[PDB]
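S.K.: One structure coming up, written as structure tokens, with questions to follow.
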Amino acid sequence: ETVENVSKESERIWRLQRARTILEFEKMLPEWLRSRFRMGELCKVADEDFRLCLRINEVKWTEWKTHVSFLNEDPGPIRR
Amino acid sequence: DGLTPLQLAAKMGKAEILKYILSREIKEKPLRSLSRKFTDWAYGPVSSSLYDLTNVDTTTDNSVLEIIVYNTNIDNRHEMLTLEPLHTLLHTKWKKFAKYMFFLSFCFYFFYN
Amino acid sequence: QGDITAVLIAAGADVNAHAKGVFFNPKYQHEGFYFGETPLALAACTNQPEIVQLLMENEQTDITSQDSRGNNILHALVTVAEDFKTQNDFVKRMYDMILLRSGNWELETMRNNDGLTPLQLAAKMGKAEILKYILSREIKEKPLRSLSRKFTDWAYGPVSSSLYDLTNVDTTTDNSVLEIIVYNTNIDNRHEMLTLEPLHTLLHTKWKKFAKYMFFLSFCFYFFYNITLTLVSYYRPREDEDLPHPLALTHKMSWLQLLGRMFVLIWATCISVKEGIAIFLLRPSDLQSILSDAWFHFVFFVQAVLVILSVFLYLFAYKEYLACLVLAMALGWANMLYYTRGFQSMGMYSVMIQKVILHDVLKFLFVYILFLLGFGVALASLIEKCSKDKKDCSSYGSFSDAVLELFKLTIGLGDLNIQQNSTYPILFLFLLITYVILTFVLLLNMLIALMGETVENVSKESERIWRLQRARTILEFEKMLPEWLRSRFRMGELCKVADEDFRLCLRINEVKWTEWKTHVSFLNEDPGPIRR
Amino acid sequence: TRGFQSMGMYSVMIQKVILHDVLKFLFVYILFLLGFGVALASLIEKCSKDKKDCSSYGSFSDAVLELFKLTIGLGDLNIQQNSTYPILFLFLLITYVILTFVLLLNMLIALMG
């Protein structure tokens, strides 16, 4: 199963050995971390809109449920 | 040991329960202040999701990625970095910080030899 | 909300509205979700089949209205259905439902702003599964079967002769389907489309009647072209003085070389004519296909022009009489690999060569030089500071000489720098055997780089590339002789539906057992090859 | 070689490969053998010394054999008795030696699938 396991475990070791150096290059320059990105602490629940820093991902088809869970009035990349 | 439960799931590396804590959608609104995922758009097939990122990134002491990657002693470690609030975040800094710093460490060390 | 929808339509809400907002997003996979701007397509795209049937009972509803992009509705359903089979397949079901609820033929003829039929749009974006529906489309009725694309002719149990319909498919008009499919870049499931039946046999048709007989003539003409270039270096009168003429004019008898030396220079013009067109057409093809195909048209052009450029150099005498010829002559026998198309047996062994040079040889090469440079410096600094052969080394390259004495052990060696050395010269057989084994693991591990479902994927992807690289040349040999296309075959426009029997040109295929249905769909009175 | 089920399997696959893959190997291998040979045979006398010491046999084909035996067994003096920067004579062998090897390694995959 070198056909199977070895060319899969090489994926297992390589993504880790990349991931070690990236966290090392965070800790290598503690000078000016101005380009850490955080989406700028949008609203969570309450009147406390400035709450905690977030991130963004996107989804696709398969089981079109209805919707009351959202936050906004179907906007886009709302820059204004 | 001074550990949050999210930290305890990482430090022992029990992966499947950590898939639940970082996802955690709660489809209500008397108590959805406990969630960790947020859906923003409601537009049929496309929808922009918001993961929550409190202790995850290395912004405080003893964060999640600091626990996961530097650790020994666990064996399913690559099966944890598939998980979405970690998989794209490593990919984030490889676009903006690391890869541009990486080849400078190559090209400096290349002329050294 | 279909229940709220009923009151809104009863109140008189406009149903032919548009929407031209910022939410189109040409960077499609975020913030977008294209419609086709109409309320009808939004009902269609998002699986509201009750509402799609609801929106067509209203007489005020238009269908033929277009988009800002020019799209009608059946353009839009094509631009949504992605490459995933049976995702509770609804686009194939609902593209069906819009035509059968209403429509004459005047829906599939309208062009977009890019000037494309919906059949062309499915090909140019390459969304394969919905194109399987359009080219099949049997309609087992007869009030409305003038929209079909398949026709069954015989009704005779297991055997049945089918008729595909072939309107815009063959390259008989401008911008046809095969011209779109094969010449295109930018798509990745391209071989999964040429499995489909009104294309799979049609490529096979011209390889019986046009291309294969034209192909080996292009081989046998190009084959003798390289022997004639070869026979100025063999040159059976073995030596005369020093040969001051590579490609001469030979004012002398035995015209076999007079016809011979002129036979080279004529074919250098034809390749110069034909592949000078390669700039005029292939402006995005080369940089996008950086590792795939259509590069040999440059490499034929590098070869044949340098044959003439030696002959221009022979009258201006920059000393490169023989120099420009020979180090460009070698491509003439190397470019023969273009003709390795032609056998399915030969094609598989042809593709995988260029597979490994791009994948794994350069992966092999960067590490192999890194150890070759590695252990060489330890031995090159060994060769003179200590380790005798004291005075006997005054020949060449005191660093690089030791590199070659470490380089040839890969290939062929056994020499005296072991026997003519010092500083305990068994040490000189430590710092080779660290090299010899460490080549071998870096050589053995390249086998594993040709593993990893190479059993599965590689001998399947070689089928994926080979059928395409045949299919490019066949459509090129259509366009190569526009002289007399009398042997394009069409079955001669048999009856479609109406009193218009001379209707449109067709084709023939045949079927087999499994689910003996009954038959009212046919055309004739169970005939055979009815010649009469 | 009929007679053992053990011996029979090794007997059939010989005639399998001569019909399938050796002739697939042979047509390409001669195509490069004829390929790099002409560049070296036209090298051997017009430039690149061993000036007078070449009056033996087949000025084209002699260079072919000096490129043919590297597949089998060689190590000879037409490197050491050459000119026109004779390291170049170890470029236009190593283009051949590697390009045999991929055409030899890919025959393993022709015995895969």
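Quick note: numbers on chain C are straight from Swiss-Prot, i.e. 227-758, in order.
Each residue, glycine too, has its Cβ placed from N, Cα and C.
Got these off Swiss-Prot a minute ago, pasting:
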type: BINDING; residues: C:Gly638; note: Na(+) binding site
type: INTRAMEM; residues: C:621-646; note: intramembrane segment
type: REPEAT; residues: C:261-291; note: repeat 'ANK 4'
type: REPEAT; residues: C:298-330; note: repeat 'ANK 5'
type: REPEAT; residues: C:340-362; note: repeat 'ANK 6'
type: REPEAT; residues: C:398-420; note: repeat 'ANK 7'
type: TOPO_DOM; residues: C:461-479; note: topological domain 'Extracellular'
type: TOPO_DOM; residues: C:509-519; note: topological domain 'Cytoplasmic'
type: TOPO_DOM; residues: C:541-545; note: topological domain 'Extracellular'
type: TOPO_DOM; residues: C:609-620; note: topological domain 'Extracellular'
type: TRANSMEM; residues: C:431-460; note: transmembrane segment
type: TRANSMEM; residues: C:480-508; note: transmembrane segment
type: TRANSMEM; residues: C:520-540; note: transmembrane segment
type: TRANSMEM; residues: C:546-566; note: transmembrane segment
type: TRANSMEM; residues: C:570-608; note: transmembrane segment
type: TRANSMEM; residues: C:650-686; note: transmembrane segment
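Map the listed features onto the structure and describe their local environment.
M.R.: Under the DSSP three-state reduction, C:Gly638 (Na(+) binding site) is assigned to coil, being neither helix nor strand.
Sequence-distant contacts of the intramembrane segment (C:621-646) (same chain, six or more residues past either end, CB-CB distance under 8 Å): 598, 601-603, 605-606, 608-610, 614-615, 654-655, 658, 661-662, 665.
Counting same-chain residues at least six beyond the ends of the repeat 'ANK 4' (C:261-291), those with a Cβ under 8 angstroms from any Cβ of the stretch are 228, 231-232, 235, 241-246, 297-299, 301-303, 305-306, 316, 319-320, 323-324, 327-329, 332-333, 336.
Long-range neighbours of the repeat 'ANK 6' (C:340-362) within the same chain, counting only residues 6 or more positions beyond its ends whose Cβ lies under 8 Å from a Cβ of the stretch, are 296, 298, 300-301, 303-305, 307-309, 311, 315, 317-318, 321-322, 333-334, 375-376, 390, 394-395, 401, 403, 406-407, 410, 412-416, 418-419, 422-425.
Tertiary proximity for the repeat 'ANK 7' (C:398-420) is limited to same-chain residues at least six positions away from its ends with a CB under 8 Å from its CB atoms, namely 309, 341, 345-346, 349-352, 354, 357, 426, 428-429, 510-511, 514-515, 689-691, 693-694, 697-698, 701, 714.
Sequence-distant contacts of the topological domain 'Extracellular' (C:461-479), counting only residues of its own chain at least 6 positions beyond either end whose CB sits under 8 Å from a CB of the stretch, comprise 487, 490-491, 533, 536-537, 540, 547-548, 551.
Sequence-distant contacts of the topological domain 'Extracellular' (C:609-620) (same chain, at least 6 residues past either end, Cβ-Cβ under 8 Å): 627-628, 643, 646-649, 651, 654.
With a threshold of 8 Å between CB atoms, the same-chain residues lying at least 6 positions outside the transmembrane segment (C:546-566) that come near it are 444-445, 448-449, 451-452, 455-456, 459, 472-473, 522, 525-526, 528-529, 532-533, 535-536, 539-540, 572-573, 575-576, 579.
For the transmembrane segment (C:570-608), the list of distant contacts is 517, 563, 624-629, 631-633, 649, 654, 657, 660-661, 664-665, 668-669, 672, 675-676, 684-685, 688-689, 691-692, 695-696: same-chain residues at least six beyond its ends, Cβ to Cβ under 8 Å.
Cβ atoms under 8 Å from those of the transmembrane segment (C:650-686) belong to residues 574, 578, 581-582, 585-586, 589-590, 593-594, 597, 601, 604-605, 608, 613, 632, 635-636, 643-644 of the same chain, restricted to positions at least 6 beyond its ends.
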S.K.: Any residues 6+ beyond the ends of the transmembrane segment (C:480-508) with a Cβ under 8 Å from its own?
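M.R.: Residues packing against the transmembrane segment (C:480-508) from afar: 447-448, 450-451, 454-455, 457-458, 473-474, 520, 523-524, 526-527, 529-531, 533-534, 537.
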S.K.: Please indicate, using numbers and ranges, the residues of the same chain that are 6 or more beyond the topological domain 'Cytoplasmic' (C:509-519) and have a C-beta under 8 Å from a C-beta there.
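M.R.: Those are 411-412, 584, 691, 694-695, 698, in sequence order.
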S.K.: Do you know the DSSP helix, strand and coil residue counts for the topological domain 'Extracellular' (C:461-479)?
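M.R.: Once the DSSP states are binned, the topological domain 'Extracellular' (C:461-479) shows 0 helix, 0 strand, 19 coil.
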S.K.: State the count of C-beta atoms found within 10 angstroms of the C-beta of C:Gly638 (Na(+) binding site), not counting that atom itself.
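M.R.: Cβ-Cβ neighbours of C:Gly638 (Na(+) binding site) within 10 Å number 16.
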